[PDB]
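Just entry_38.cif here, mmCIF, C-alpha atoms and all ligand atoms:
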data_structure
loop_
_atom_site.label_atom_id
_atom_site.label_comp_id
_atom_site.auth_asym_id
_atom_site.auth_seq_id
_atom_site.Cartn_x
_atom_site.Cartn_y
_atom_site.Cartn_z
CA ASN A 701 119.79 83.63 124.85
CA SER A 702 121.28 84.06 121.35
CA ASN A 703 125.05 84.86 121.16
CA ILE A 704 124.62 87.36 118.32
CA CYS A 705 122.70 90.66 118.00
CA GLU A 706 119.25 90.10 116.47
CA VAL A 707 119.60 93.24 114.28
CA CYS A 708 123.20 93.22 112.93
CA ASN A 709 124.05 89.52 113.51
CA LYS A 710 127.39 90.33 115.17
CA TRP A 711 128.68 89.37 118.62
CA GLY A 712 129.84 91.97 121.08
CA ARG A 713 128.44 93.59 124.27
CA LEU A 714 124.93 92.10 124.12
CA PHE A 715 121.90 92.74 126.36
CA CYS A 716 119.68 89.75 126.72
CA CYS A 717 115.86 89.75 126.67
CA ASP A 718 114.25 88.16 129.76
CA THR A 719 111.17 86.89 128.01
CA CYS A 720 112.60 85.56 124.78
CA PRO A 721 116.02 84.30 123.65
CA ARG A 722 116.96 87.37 121.54
CA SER A 723 119.94 89.56 122.30
CA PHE A 724 120.93 93.12 121.27
CA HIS A 725 123.62 95.63 121.02
CA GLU A 726 122.68 98.71 123.09
CA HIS A 727 122.07 101.04 120.07
CA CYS A 728 120.86 98.23 117.74
CA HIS A 729 117.68 97.88 119.84
CA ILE A 730 115.10 100.60 119.34
CA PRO A 731 114.53 102.30 121.67
CA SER A 732 118.24 101.93 122.98
CA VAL A 733 118.41 99.19 125.68
CA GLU A 734 117.13 100.74 128.94
CA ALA A 735 119.70 101.42 131.80
CA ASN A 736 118.01 99.40 134.52
CA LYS A 737 114.68 97.42 134.39
CA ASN A 738 115.03 93.83 135.60
CA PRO A 739 113.49 91.87 134.07
CA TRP A 740 113.86 93.50 130.62
CA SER A 741 111.61 92.73 127.70
CA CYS A 742 112.75 93.55 124.10
CA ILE A 743 110.61 95.30 121.49
CA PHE A 744 109.61 91.99 119.92
CA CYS A 745 108.16 90.90 123.28
CA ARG A 746 106.40 94.27 123.85
CA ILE A 747 104.76 94.08 120.41
CA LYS A 748 103.57 90.51 121.01
CA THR A 749 102.02 91.65 124.34
CA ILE A 750 99.99 94.37 122.58
CA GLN A 751 98.56 91.77 120.19
CA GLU A 752 97.80 89.36 123.07
CA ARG A 753 96.00 92.03 125.12
CA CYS A 754 93.85 93.00 122.10
CA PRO A 755 93.51 90.11 119.63
CA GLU A 756 91.12 92.22 117.48
CA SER A 757 94.05 94.59 116.78
CA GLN A 758 95.04 92.00 114.12
CA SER A 759 91.85 92.40 112.07
CA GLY A 760 92.44 94.22 108.77
CA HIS A 761 92.78 97.99 108.65
CA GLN A 762 92.79 100.59 105.92
CA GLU A 763 96.15 102.32 105.40
CA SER A 764 94.47 105.75 105.30
CA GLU A 765 93.11 105.23 108.82
CA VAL A 766 96.44 103.91 110.13
CA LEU A 767 98.34 106.92 108.80
CA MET A 768 96.05 109.39 110.60
CA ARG A 769 96.59 107.80 113.99
CA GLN A 770 98.16 109.97 116.60
CA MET A 771 101.53 108.83 117.94
CA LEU A 772 100.28 107.57 121.34
CA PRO A 773 102.58 105.08 123.14
CA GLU A 774 101.39 101.99 121.26
CA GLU A 775 101.76 103.61 117.81
CA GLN A 776 105.20 105.02 118.83
CA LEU A 777 106.23 101.46 119.68
CA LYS A 778 104.93 100.03 116.44
CA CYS A 779 106.91 102.67 114.40
CA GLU A 780 110.05 101.92 116.47
CA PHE A 781 109.65 98.20 115.70
CA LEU A 782 109.04 98.87 111.98
CA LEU A 783 112.20 101.00 111.89
CA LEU A 784 114.08 98.15 113.64
CA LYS A 785 112.83 95.61 111.06
CA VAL A 786 114.42 97.73 108.32
CA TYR A 787 117.77 97.90 110.18
CA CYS A 788 117.57 94.11 110.46
CA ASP A 789 118.22 93.87 106.70
CA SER A 790 121.88 94.20 105.87
CA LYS A 791 121.09 96.39 102.84
CA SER A 792 119.93 99.07 105.29
CA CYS A 793 123.59 100.14 105.52
CA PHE A 794 123.10 102.10 102.35
CA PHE A 795 120.33 104.22 103.81
CA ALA A 796 121.52 104.60 107.43
CA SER A 797 123.75 107.62 107.41
CA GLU A 798 123.56 111.04 105.77
CA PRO A 799 123.89 110.75 101.98
CA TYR A 800 125.66 113.09 99.54
CA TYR A 801 124.92 113.61 95.91
CA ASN A 802 127.49 114.26 93.13
CA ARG A 803 126.81 112.20 90.04
CA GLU A 804 127.06 113.35 86.44
CA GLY A 805 123.55 113.84 85.02
CA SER A 806 121.68 113.82 88.35
CA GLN A 807 120.72 116.43 90.85
CA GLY A 808 120.36 115.60 94.60
CA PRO A 809 116.95 115.52 96.24
CA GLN A 810 115.32 118.60 97.67
CA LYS A 811 114.75 116.86 101.00
CA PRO A 812 117.38 114.32 101.92
CA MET A 813 116.41 111.62 104.41
CA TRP A 814 118.10 108.70 106.09
CA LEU A 815 117.45 106.01 108.71
CA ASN A 816 119.45 107.53 111.54
CA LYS A 817 117.59 110.85 111.04
CA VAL A 818 114.25 108.97 111.34
CA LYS A 819 115.67 107.22 114.40
CA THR A 820 116.54 110.56 116.07
CA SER A 821 113.17 112.00 115.11
CA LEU A 822 111.36 109.12 116.82
CA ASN A 823 113.56 109.34 119.91
CA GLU A 824 112.86 113.10 120.16
CA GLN A 825 109.03 112.52 119.70
CA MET A 826 108.96 114.75 116.59
CA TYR A 827 106.24 112.82 114.82
CA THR A 828 102.65 113.52 115.91
CA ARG A 829 101.00 110.98 113.60
CA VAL A 830 101.98 107.68 112.01
CA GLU A 831 101.82 109.51 108.62
CA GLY A 832 104.93 111.63 109.58
CA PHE A 833 107.06 108.57 110.18
CA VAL A 834 105.80 106.67 107.09
CA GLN A 835 106.29 109.71 104.82
CA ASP A 836 109.93 110.10 105.88
CA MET A 837 110.57 106.35 105.45
CA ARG A 838 109.08 106.31 101.96
CA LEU A 839 111.04 109.48 101.07
CA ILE A 840 114.31 107.64 101.69
CA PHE A 841 113.56 105.14 98.92
CA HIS A 842 111.93 107.65 96.56
CA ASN A 843 115.03 109.95 96.77
CA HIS A 844 117.27 106.98 95.96
CA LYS A 845 115.18 105.89 92.92
CA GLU A 846 115.11 109.35 91.48
CA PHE A 847 118.86 110.06 91.94
CA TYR A 848 120.21 106.77 90.61
CA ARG A 849 117.92 106.79 87.50
CA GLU A 850 118.93 103.87 85.32
CA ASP A 851 121.96 102.71 87.31
CA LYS A 852 121.36 99.21 88.55
CA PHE A 853 122.06 100.56 92.07
CA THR A 854 118.45 101.80 92.03
CA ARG A 855 117.48 98.24 92.86
CA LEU A 856 118.79 98.57 96.41
CA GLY A 857 116.00 101.14 97.08
CA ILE A 858 113.36 98.82 95.65
CA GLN A 859 114.65 96.01 97.79
CA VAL A 860 114.77 97.82 101.11
CA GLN A 861 111.40 99.55 100.37
CA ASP A 862 109.87 96.11 99.92
CA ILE A 863 111.13 95.12 103.42
CA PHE A 864 109.64 98.31 104.83
CA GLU A 865 106.24 97.81 103.08
CA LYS A 866 105.86 94.08 104.06
CA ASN A 867 106.65 94.90 107.64
CA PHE A 868 104.29 97.96 107.64
CA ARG A 869 101.40 95.75 106.44
CA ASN A 870 102.22 93.13 109.12
CA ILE A 871 102.79 95.40 112.13
CA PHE A 872 99.81 97.65 111.49
CA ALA A 873 97.56 94.73 110.31
CA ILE A 874 96.72 96.30 106.98
CA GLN A 875 93.80 94.52 105.22
CA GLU A 876 95.09 92.01 102.72
CA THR A 877 94.22 92.64 99.01
CA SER A 878 95.02 91.43 95.48
ZN ZN A 901 123.82 94.80 116.68
ZN ZN A 902 112.17 89.46 123.79
ZN ZN A 903 90.91 94.31 123.01
#
Kindly transcribe the structure held in the file into structure tokens.
Ligand SMILES: [Zn+2]
Ligand SMILES: [Zn+2]
Ligand SMILES: [Zn+2]
Amino acid sequence: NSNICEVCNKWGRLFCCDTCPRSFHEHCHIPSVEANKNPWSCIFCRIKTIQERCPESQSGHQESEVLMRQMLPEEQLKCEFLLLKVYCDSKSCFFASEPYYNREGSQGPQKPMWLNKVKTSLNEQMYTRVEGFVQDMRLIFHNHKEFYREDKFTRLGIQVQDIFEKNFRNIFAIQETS
């Protein structure tokens, strides 16, 4: 197994996957690494199994159909993995915890949102469709763009949104277009 956490790239108290060489901090993995279960298979492994059981699940899909899917166990997993892929980027630190807004010439958003809030909401099964999760994720970046206006710090939102969108198209096998 790897000697660093796959998500945050730090050593520490790591749990090792049984079916691949990745390792995780307890609360870096999503869902949090399960208490027992030997062998244990990480989210990367569980996603790969879904694809292997249904190869046709990788044919192209329309985003509008994906968003209306109910959050059954396989869609719950896919959203958990998508969330984890964002945390994998170090720039996610900016969007992880609860923001506050006091900048001359800007007003804070009407509906603040952050990664750890989305994480709790998934854990508590608060989303009934994929659209719920994707709307809250996109809201994070939209709030940031609007608040920071012309400051160059706006670019951090563009950057992390691009990680989210690339991973969304991959995980949910969105039909490729120009
Ligand atoms: Zn970690
Ligand atoms: Zn694994
Ligand atoms: Zn199948």
Item to complete: Would you mind listing what lies within 10 Å of stretch 755-764 of chain A as a PyMOL selection string, with only C-alpha atoms counted and same-chain residues fewer than 4 positions away left out?
Response: chain A and resi 749-751+768-769+831+868-876
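Near ligand ZN 902 (chain A), at distances of 10 Å or less and with all atoms listed in the file counted, sit the residues residues 701, 716, 717, 718, 719, 720, 721, 722, 723, 724, 740, 741, 742, 743, 744, 745, 746, 747 and 748 of chain A.
Reported to one decimal place, the separation of atom CA of residue A:863 from atom CA of residue A:767 is 18.2 Å.
If you count only C-alpha atoms and ignore residues fewer than 6 places along the chain from residue A:731, what sits within 10 Å of it is residues 742, 743, 777, 780, 781, 784, 819, 822 and 823 of chain A.
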Just write the chosen residues, C-alpha atoms, as a compact mmCIF listing (two decimals), keeping the file's coordinate frame.
# COMPACT_ATOMS: atom_id res chain seq x y z
CA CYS A 742 112.75 93.55 124.10
CA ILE A 743 110.61 95.30 121.49
CA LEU A 777 106.23 101.46 119.68
CA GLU A 780 110.05 101.92 116.47
CA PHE A 781 109.65 98.20 115.70
CA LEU A 784 114.08 98.15 113.64
CA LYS A 819 115.67 107.22 114.40
CA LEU A 822 111.36 109.12 116.82
CA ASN A 823 113.56 109.34 119.91
Discussion item. Using all atoms listed in the file and a cutoff of 12 Å, can you tell me which residues are near (111.0, 111.8, 114.1) in the file's coordinates, and write them out as an MDAnalysis selection string?
Written reply: chainID A and resid 771 776 779:780 783 813:837
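Here atom CA of residue A:710 stands at a distance of 15.2 Å from atom CA of residue A:792.
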Item to complete: Pick out the residues no farther than 6 Å from ligand ZN 901 (chain A), counting all atoms listed in the file, and list them as a list in words.
Response: residues 705, 707, 708, 710, 724, 725 and 728 of chain A
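The spacing separating atom CA of residue A:788 from atom CA of residue A:712 amounts to 16.4 Å.
Using only C-alpha atoms and all ligand atoms, the shortest contact distance between ligand ZN 903 (chain A) and any of A:752, A:706, A:734, A:726 is found at A:752.
Among the candidates A:704, A:730, A:714, A:860, the one nearest to residue A:793 when counting only C-alpha atoms is A:860.
Nearest residue to residue A:805, choosing from A:727, A:855, A:713, A:849 and counting all atoms listed in the file: A:849.
The shortest atom-to-atom distance to ligand ZN 903 (chain A), with only C-alpha atoms and all ligand atoms taken into account, belongs to A:754 out of A:845, A:798, A:803, A:754.
When all atoms listed in the file are used to compute distances to residue A:778, the closest of the residues A:861, A:877, A:867, A:802 turns out to be A:867.
Considering only C-alpha atoms and all ligand atoms, the residue among A:799, A:753, A:857, A:738 positioned nearest to ligand ZN 903 (chain A) is A:753.
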Would you save stretch 712-730 of chain A from the block above with N, CA and C atoms, as a compact mmCIF listing (two decimals), in the first residue's frame?
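Now in result.txt:
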# COMPACT_ATOMS: atom_id res chain seq x y z
N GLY A 712 0.18 9.66 8.28
CA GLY A 712 -0.51 9.69 9.52
C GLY A 712 -1.05 8.28 9.82
N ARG A 713 -2.14 8.24 10.55
CA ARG A 713 -2.97 7.02 10.78
C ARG A 713 -3.76 6.68 9.50
N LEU A 714 -3.25 5.73 8.74
CA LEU A 714 -3.79 5.42 7.41
C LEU A 714 -4.50 4.06 7.50
N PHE A 715 -5.63 3.95 6.83
CA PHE A 715 -6.30 2.68 6.55
C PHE A 715 -6.03 2.24 5.12
N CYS A 716 -5.67 1.00 4.93
CA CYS A 716 -5.21 0.53 3.68
C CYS A 716 -6.34 -0.21 2.95
N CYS A 717 -6.43 -0.01 1.63
CA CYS A 717 -7.42 -0.72 0.83
C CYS A 717 -6.91 -2.16 0.65
N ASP A 718 -7.82 -3.12 0.67
CA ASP A 718 -7.40 -4.52 0.39
C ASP A 718 -7.30 -4.88 -1.09
N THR A 719 -7.95 -4.13 -1.96
CA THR A 719 -7.97 -4.50 -3.34
C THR A 719 -7.23 -3.60 -4.23
N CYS A 720 -6.59 -2.57 -3.67
CA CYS A 720 -5.72 -1.69 -4.46
C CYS A 720 -4.72 -1.14 -3.45
N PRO A 721 -3.65 -0.51 -3.92
CA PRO A 721 -2.60 0.01 -3.06
C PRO A 721 -2.86 1.40 -2.43
N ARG A 722 -4.04 1.97 -2.59
CA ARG A 722 -4.31 3.27 -1.95
C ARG A 722 -4.50 3.18 -0.47
N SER A 723 -4.20 4.28 0.20
CA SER A 723 -4.44 4.40 1.65
C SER A 723 -5.13 5.69 1.98
N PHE A 724 -5.82 5.75 3.11
CA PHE A 724 -6.63 6.91 3.55
C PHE A 724 -6.59 7.25 4.99
N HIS A 725 -6.60 8.56 5.28
CA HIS A 725 -7.07 8.94 6.60
C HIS A 725 -8.54 8.55 6.74
N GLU A 726 -8.93 8.25 7.98
CA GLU A 726 -10.32 7.93 8.33
C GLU A 726 -11.37 8.86 7.73
N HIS A 727 -11.28 10.16 8.01
CA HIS A 727 -12.23 11.18 7.51
C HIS A 727 -11.85 11.86 6.16
N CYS A 728 -10.77 11.43 5.58
CA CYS A 728 -10.42 11.79 4.18
C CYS A 728 -11.22 10.92 3.17
N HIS A 729 -11.36 9.65 3.47
CA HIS A 729 -12.20 8.75 2.68
C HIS A 729 -13.64 9.23 2.83
N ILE A 730 -14.44 9.02 1.75
CA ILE A 730 -15.84 9.29 1.79
C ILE A 730 -16.55 8.02 1.16
